[PDB]
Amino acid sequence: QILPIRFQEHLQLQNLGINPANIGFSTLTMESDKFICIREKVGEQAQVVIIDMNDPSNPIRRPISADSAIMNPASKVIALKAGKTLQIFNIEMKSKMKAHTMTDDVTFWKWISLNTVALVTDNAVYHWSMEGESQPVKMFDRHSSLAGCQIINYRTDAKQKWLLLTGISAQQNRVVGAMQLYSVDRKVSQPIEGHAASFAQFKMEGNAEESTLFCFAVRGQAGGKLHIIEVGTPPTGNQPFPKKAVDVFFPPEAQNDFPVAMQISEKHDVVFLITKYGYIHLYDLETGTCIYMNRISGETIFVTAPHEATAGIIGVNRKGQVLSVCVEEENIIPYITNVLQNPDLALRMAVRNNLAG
């Protein structure tokens, strides 16, 4: 019938020649939908394959010797590291823009803005701007609750006043998720069990200021759940945002599957949640109401980024298949109304994000 969502395959990295073995979390990066960096070791020579999403049939290979390469979200600026050695280049003008030598190895790092790179060390998190004459700044000391985890993600709210470090580990035979939520303003950090999450700005009707929301999904002991809470003191004059919780489904076949990524469309006020084994869920950011759910990938998915054009989510999966899913603006309302038999939601979404159904 119809579908809420709109699925579409953009690429098949293997058609480009990329070895399947490099299509994974530690060799393939997608800091945004503009590029995909894959580090391959062709021969005794290690190199980076930079795929320009607006020109897929022309990947450019360059020799590197970094243990990690992460492209800027907007420009052909790349951050390369080797141990404690960190260097940033502007590929087009062939120069080294900045360089820093950390006192600890960087276990995980990713761009968190157009001009800032987050650095995660076994015991602390740093933010490093590209803006002028700068160096790493320690944002906070890691919490003991993540000691030992494999760092898989670091996120930030719009104003960078709320940081979220996330790690996972094998415990009690199930992938357990460990998150640290640090408050830059109150110099305090809270431990939280969670697998995937994201922040988002939301303009509650009757509020003059936006609200900063924190939304995470976790498959805990009580099974799957998804929370949506307002983080920090609500803007003077605003109404608090009612924390919402709803369970996230997991079919019997999906025994050890869990939340792996989450993007939020400020355009539709929708939450995309993708599990490790290809399941996509749609939830209303405002109510947490689960709109749609189905499987969009048989192969596991290890990386995603907001899909700017469609306001959706784009990710790569083990097969080297670049997939994207967004809101089918022409039918979402009709689907919610007819299929979901949820007039209220449908009525709200239609008026809220100026949609038509």
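Quick note: we count residues from 1 along the sequence shown, nothing fancier.
Higher mean CA B-factor, judged across 193 to 201 and 261 to 269 from the recorded values: 261 to 269.
As recorded in the PDB entry, 252 to 260 is the stretch of 252 to 260 and 283 to 291 with the greater mean C-alpha temperature factor. Comparing the listed residues 141, 104, 157, 133, the entry records the largest Cα B-factor for 133.
Note on the listed residues 320, 315, 63, 56: the highest Cα temperature factor in the record is that of 56. The entry lists a Cα temperature factor for residue 33 that places it in the middle third of the chain's modelled residues. Residue 326: CA B factor lies in the highest third for its chain, per the PDB record. In the PDB entry, a CA B factor belonging to the lowest third of its chain's modelled residues is recorded for residue 108. Sort the chain's modelled residues by C-alpha temperature factor and residue 311 lands in the lowest third, per the entry. Residue 182 sits in the middle third of its chain by CA B factor, as recorded in the PDB entry.
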